[PDB]
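Enquirer: Let me begin by handing over the structure; questions about it come next.
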């Protein structure tokens with residue numbers, strides 16, 4: 001049986017503040033710029049539509065050097081940091097981005113038509129853009145976040161897959177890494193392995209995987225380390241209604257309609273797809289630049305940062321403004337020439353993480369050691385190499401950022417005022 | 001360590017009201033009208049999209065002549081004014097402006113296309129306008145406000161910048177001056193130094209810098225003098241989705257799509273940009289013509305106006321209506337002729353600042369003098385030339401506007417009623 | 001690779017005469033066809049691009065036509081400076097390939 | 001697009017051909033390379049975008065031709081190796097005007113370099 005951390009984790013009266021200086025990210029909104037002949041990344045892909053997963057490193061409270069050490073017995077017990085307050089600061093002005101594809105698979109406009117559309121020739125793709133669905137979310141836990149997305153399942157050993165056959169789906173749980181893409185209106189799926197077309201969605205998710213937090217699984221989690229607090233805000237509506245060029249993969253059963261003739265003799269593509277649109281963005285609806293007091297967790301782990309680690313996942317598309325900057329090739333001619341200017345795109349993201357941590361102690365009794373051992377053996381082993389080296393996240397080192405004077409910081413003042421004493 | 005002003009600043013029981021008569025500003029919405037041969041400004045640029053930074057001058061409470069002076073010892077202590085109430089009155093009817101450019105770099109409409117767009121020739125710019133993003137904000141502090149915007153960073157001494165090469169970005173902190181422009185939907189950047197094109201955005205921000213308050217930095221500020229109170233309200237949505245003419249600065253990696261042919265042989269510009277739109281403006285959402293009671297500040301400076309100064313920054317695009325007024329060249333012919341009429345544009349702004357100040361006293365002990373000296377040595381020096389002469393703001397002189405009869409003023413009545421005694 | 005079949009290989013004509021040179025693609029190239037003229041001992045010069053659009057300095061007596069796999073270049077009322085070789089080339093995707101060439105020569109007794 | 005008049009090469013060796021651009025914003029365009037032998041027609045070798053090094057090669061010339069560029073001198077280069085008599089030909093560099101998908105023309109050609117393997 002699992003139990004609340006309140007059971008075996010003792011709360012001291014010491015509180016520390018810690019914060020990143022001001023994280024900054026600048027890159028190209030749709031894809032990374034690199035050397036053609038090469039593969040090193042010259043400019044990274046930085047979009048408001050990516051997940052930001054911060055791997056927060058905390059100084060080991062056991063190795064830490066406190067002015068007073070009488071508050072606990074280093075023989076019978078151990079120390080752990082507990083997250084009690086978080087403030088995810090965001091810094092650019094609010095705004096909406098936009099993504100498209102020069103060769104998007106869009107046959108005709110099916111929202112309203114005055115005459116039956118022509119006939120699909122070869123390549124009817126159009127240069128189309130759209131404003132993705134709005135998403136604001138923040139996940140916090142001592143384990144990395146877990147997402148879900150549809151991918152190509154493994155086929156059953158029977159009917160040999162005929163080329164072009166529809167691929168099998170399978171919900172796939174994955175670890176959400178920093179840089180991953182958020183569902184943008186086309187759901188959470190692996191477009192690379194499910195769309196040979198390479199033109200079904202805009203470039204920025206075109207050969208990526210849009211993942212969605214698997215809230216259900218994470219909350220079901222017995223110990224609840226992956227996430228002990230979260231905030232989600234997503235909205236979307238249909239801007240346009242289109243058709244998909246290509247060839248019928250599955251035909252429309254003729255019991256569903258009466259055969260046409262002449263122009264209506266041949267059925268038009270009924271493989272419709274809508275264009276998303278996350279409406280207006282607003283201050284009043286902001287989730288960030290507000291402090292979150294993690295006092296009572298719904299999970300059994302009440303904000304204990306086992307391993308002196310802490311994960312802060314974020315997605316904010318309310319500041320997705322992309323800015324185009326173009327340089328002139330020549331500063332002479334006083335007559336505009338499209339050839340004289342090189343057009344580019346860049347997007348900037350600005351963060352500022354702040355936390356309030358509460359020191360905690362654990363008397364290492366038999367029972368306690370049995371429990372913690374079962375829960376996560378590494379805890380004890382580390383007490384008196386990186387297990388997620390495979391994954392990549394924005395590494396954040398706070399070992400030199402703890403300060404006992406909450407007074408001197410904005411989140412700290414807020415905390416004192418809020419907790420009174 | 002920094003400490004709240006409540007520590008060393010004593011509060012008296014004297015309160016004064018002060019207010020500007022009614023500030024008025026009339027000018028051209030997009031650019032200043034001046035003599036071609038000359039450089040003297042004939043008509044200034046006045047837009048609802050500019051920041052209004054008021055430099056409020058207060059009478060030195062030490063030089064001031066109070067009816068009674070027994071309330072303090074002019075030998076051991078000094079006096080300072082503390083801002084306790086502010087009312088930013090606005091006076092025109094609510095309405096939305098509109099800005100454009102006769103030669104905006106807009107290739108084609110990428111929101112929905114029925115056939116692949118033609119081919120960029122020479123200068124495909126269009127005469128286009130848009131309704132900027134809505135913004136309402138008010139910053140108050142005893143130091144001028146600080147903003148952030150992206151500019152052209154300094155290049156690394158290596159690879160010689162090939163002409164047309166994309167310029168490097170750099171977040172630049174600046175002092176927000178009166179007349180500066182607010183992000184309008186294209187983010188906060190220096191369009192002059194980042195867009196040689198001179199046609200990426202409407203005329204009014206076209207060769208300016210759109211700055212965004214750097215709230216994060218200002219609140220982190222140790223003493224918190226730059227801003228001890230603020231109200232922000234911004235909203236925006238995508239009205240249109242366009243393409244940028246010009247030449248590929250960075251090519252689309254071919255691993256992101258399947259080569260076309262014929263018409264789709266050549267990739268259309270995937271340098272998309274959206275047209276902003278601050279939706280409807282409403283009374284219910286007004287931030288002004290409401291009193292702000294600055295009682296508990298989140299910073300350590302609790303509304304103390306060191307230097308007998310006070311800064312009030314404002315941005316209100318909810319009254320951005322521009323009015324076109326045209327004069328006839330001849331009052332004869334009863335037949336309309338475009339040419340008989342000269343069309344112009346003008347925009348008016350109406351303000352009315354009101355404040356409630358509380359007299360305060362500081363006993364100049366050793367510790368206090370050491371602290372205040374470290375904080376801002378000029379404080380003491382001035383006690384028993386302009387350090388920001390470089391910057392420009394709407395100068396407001398209130399030295400002759402203080403009145404002890406709050407009773408006689410609207411903000412005054414409100415204050416009394418609010419504070420009871 | 002994509003093959004451009006250009007005919008005739010050789011064509012004789014008089015000044016004032018209208019002639020047509022054709023180019024057929026092995027597979028669909030849409031409208032992305034170009035045409036070049038190459039005079040004796042000189043480098044090629046582009047006359048037509050995007051199947052039918054006149055290039056810089058090309059007289060209006062020249063006209064390109066076609067879209068898909070069949071194209072043609074027509075020269076109305078031939079002038080003395082029009083004799084020489086002509087080549088078609090698609091510019092849809094890489095690899096770029098050329099037609100075999102047509103040698104347009106002047107008829108005499 | 002200035003090209004040197006001729007190159008004399010020994011069988012089996014390599015040759016480096018230059019193309020000097022002038023009169024336009026070099027970094028805004030690709031560079032085309034085309035082969036011409038007296039008996040046959042024109043043959044495309046490949047094209048390069050100096051702005052980032054992107055190349056496209058005729059399958060026939062993959063492993064034979066290398067394309068590069070020197071943005072500081074506005075010069076495009078092509079190198080051929082393992083030269084045989086079949087490589088003796090006049091090689092031209094040319095430009096590709098691209099403004100949009102429907103406005104493009106590769107209309108300006110250099111004078112060509114006669115490469116003779118002997």
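Residue numbers (this note's numbering), protein chains in the order written: chain P, 1 to 421; chain C, 1 to 421; chain X, 1 to 109; chain S, 1 to 118.
Idealized CB from N, CA, C, for every residue including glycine.
DSSP state of residue 387 of chain C, grouped into three classes?
Expert: Note: residue 387 of chain C maps to coil in three-state DSSP.
Enquirer: How about residue 56 of chain C and residue 42 of chain C: are their beta carbons less than 7 Å apart?
Expert: No, the Cβ-Cβ distance between residue 56 of chain C and residue 42 of chain C is not below 7 Å.
Enquirer: By Cβ distance below 6 Å, which residues in the same chain neighbour residue 135 of chain P in space, the five residues on each side in sequence not counted?
Expert: Result list for residue 135 of chain P: 182, 234, 315, 317, in chain order.
Enquirer: In the DSSP assignment, find the unbroken alpha helix (DSSP H) run with residue 13 of chain P in it and report its ends.
Expert: That residue, residue 13 of chain P, is in no alpha helix (DSSP H); its beta strand (DSSP E) goes 10 to 19.
Enquirer: Can you check which of these residues, C:178, C:169, C:217, C:177, is closest to residue 195 of chain C by C-alpha distance?
Expert: Comparing Cα-Cα distances from residue 195 of chain C to each of C:178, C:169, C:217, C:177, the minimum goes to C:169.
Enquirer: How about residue 202 of chain C: is its C-beta nearer than 7 Å to some C-beta of chain P?
Expert: Chain P, which has no Cβ nearer than 7 Å to the Cβ of residue 202 of chain C, makes this no.
Enquirer: Using three-state DSSP, classify residue 217 of chain C as helix, strand or coil.
Expert: It is helical.
Enquirer: So, for residue 399 of chain P: in the same chain, excluding its five sequence neighbours on each side, which residues have a beta-carbon less than 8 Å away from its beta-carbon?
Expert: Closer than 8 Å at the Cβ level, and outside the excluded window around residue 399 of chain P, lie 57, 58, 59.
Enquirer: Taking the straight line between their C-alpha atoms, what separation do you get for residue 153 of chain P and residue 167 of chain P?
Expert: Going by the C-alpha atoms only, they are around 7 Å apart.
Enquirer: Once the 5 residues before and after residue 311 of chain C are set aside, which same chain residues still bring their CB inside 6 Å of it?
Expert: Answer for residue 311 of chain C: 141, 144, listed in chain order.
Enquirer: Assuming residue 99 of chain P and residue 132 of chain P form a contact by the criterion Cβ under 8 Å, report the distance between their Cβ atoms to the nearest whole angstrom.
Expert: Sure, about 6 Å apart at Cβ, within 8 Å.
Enquirer: Assuming residue 184 of chain C and residue 210 of chain C make a contact with CB atoms under 8 Å, what is their CB distance in whole Å?
Expert: Indeed they touch by this definition, with Cβ atoms about 6 Å apart.
Enquirer: Given a limit of 9 Å on CB to CB distance, which residues of the stretch 261 to 273 of chain C reach chain S?
Expert: From the stretch 261 to 273 of chain C, only 263, 264, 265, 266, 267, 268, 269 have a Cβ closer than 9 Å to chain S.
Enquirer: Buried or exposed, going by whether 16 or more other CB atoms sit within 10 Å of the CB of residue 329 of chain C?
Expert: Per the 10 Å Cβ criterion, exposed.
Enquirer: Taking only three categories from DSSP, how would you classify residue 48 of chain C?
Expert: Residue 48 of chain C falls in the coil class under three-state DSSP.
Enquirer: Would you kindly report the start and end of the unbroken alpha helix (DSSP H) that includes residue 410 of chain C?
Expert: Where residue 410 of chain C is concerned, the enclosing alpha helix (DSSP H) stretches over 410 to 419.
Enquirer: Checking contacts by CB at 7 Å: is residue 60 of chain X closer than that to chain C?
Expert: Closer than 7 Å: no.
Enquirer: The beta strand (DSSP E) spanning residue 380 of chain C covers which residue range?
Expert: Careful: residue 380 of chain C lies outside any beta strand (DSSP E), inside the alpha helix (DSSP H) at 378 to 382.
Enquirer: Are the beta-carbon atoms belonging to residue 212 of chain P and residue 147 of chain P less than 7 Å from one another?
Expert: Yes.
Enquirer: Looking at the secondary structure, which residues open and close the beta strand (DSSP E) in which residue 41 of chain P lies?
Expert: Its beta strand (DSSP E) spans residues 41 to 43.
Enquirer: Please tell me whether residue 211 of chain C has its Cβ less than 7 Å away from any Cβ of chain X.
Expert: It does not: the Cβ of residue 211 of chain C has no partner Cβ on chain X nearer than 7 Å.
Enquirer: May I ask you to report which of helix, strand or coil DSSP gives residue 81 of chain X?
Expert: The answer is helix: DSSP assigns residue 81 of chain X an H, G or I state.
Enquirer: If you compare alpha carbons, which of C:249, C:254, C:280, C:396 is closest to residue 36 of chain P?
Expert: Checking every option, the nearest Cα to that of residue 36 of chain P belongs to C:254.
Enquirer: Residues in the same chain with beta-carbon distance under 8 Å from residue 85 of chain S, minus the five sequence neighbours each way, listed in chain order, please.
Expert: Counting only Cβ-Cβ distances below 8 Å, and skipping sequence neighbours, we find 11, 117.
Enquirer: Let me confirm a value: residue 157 of chain P is counted as buried when at least 16 other C-beta atoms fall within 10 Å, else exposed. Which label applies?
Expert: It counts as exposed.
Enquirer: Check each candidate in X:7, X:13, X:32, X:36 and name the one with the smallest Cα separation from residue 76 of chain X.
Expert: When only C-alpha atoms are compared, the closest one is X:13.
Enquirer: Please list the partners that residue 234 of chain C has in chain P, where partner means a Cβ-to-Cβ separation under 8 Å.
Expert: 93, 94, 282, 283, listed in chain order.
Enquirer: Nearest to residue 257 of chain C by CA position, among P:227, P:102, P:326, P:216, is which residue?
Expert: Nearest C-alpha to residue 257 of chain C: P:102.
Enquirer: Excluding the five sequence neighbours on either side, which residues of its own chain have a C-beta within less than 8 Å of the C-beta of residue 449 of chain C, listed in chain order?
Expert: The first residue shown for chain C is 1 and the last is 421, placing residue 449 of chain C beyond what the model contains.
Enquirer: Step through the CB atoms of chain B and report whether any lies within less than 7 Å of the CB of residue 12 of chain P.
Expert: Of the protein chains in the structure, P, C, X and S, none is chain B.
Enquirer: Which residues in the same chain as residue 327 of chain P place their Cβ atom closer than 6 Å to its Cβ, once the five residues preceding and following it in sequence are excluded?
Expert: Same-chain partners within the cutoff: 342.
Enquirer: In chain order, what residues of the stretch 153 to 175 of chain C put their CB closer than 8 Å to some CB of chain S?
Expert: Here the close residues are 160, 162, 163, 164, 165.
Enquirer: Hey, out of S:61, S:80, S:72, whose CA is closest to residue 22 of chain S's CA?
Expert: Looking at the Cα atoms, S:72 is the closest of the given residues.
Enquirer: Taking 7 Å as the cut-off, decide whether the C-beta atoms of residue 87 of chain X and residue 32 of chain X are in contact.
Expert: No, they are not a contact pair.
Enquirer: As a quick exercise: from C:28, C:38, C:248, C:46, pick the residue whose alpha carbon is nearest that of residue 345 of chain P.
Expert: Considering only alpha carbons, the answer is C:248.
Enquirer: Between residue 95 of chain X and chain S, is the shortest Cβ-Cβ distance under 7 Å, so that the two count as touching?
Expert: By this cut-off, residue 95 of chain X is an interface position.
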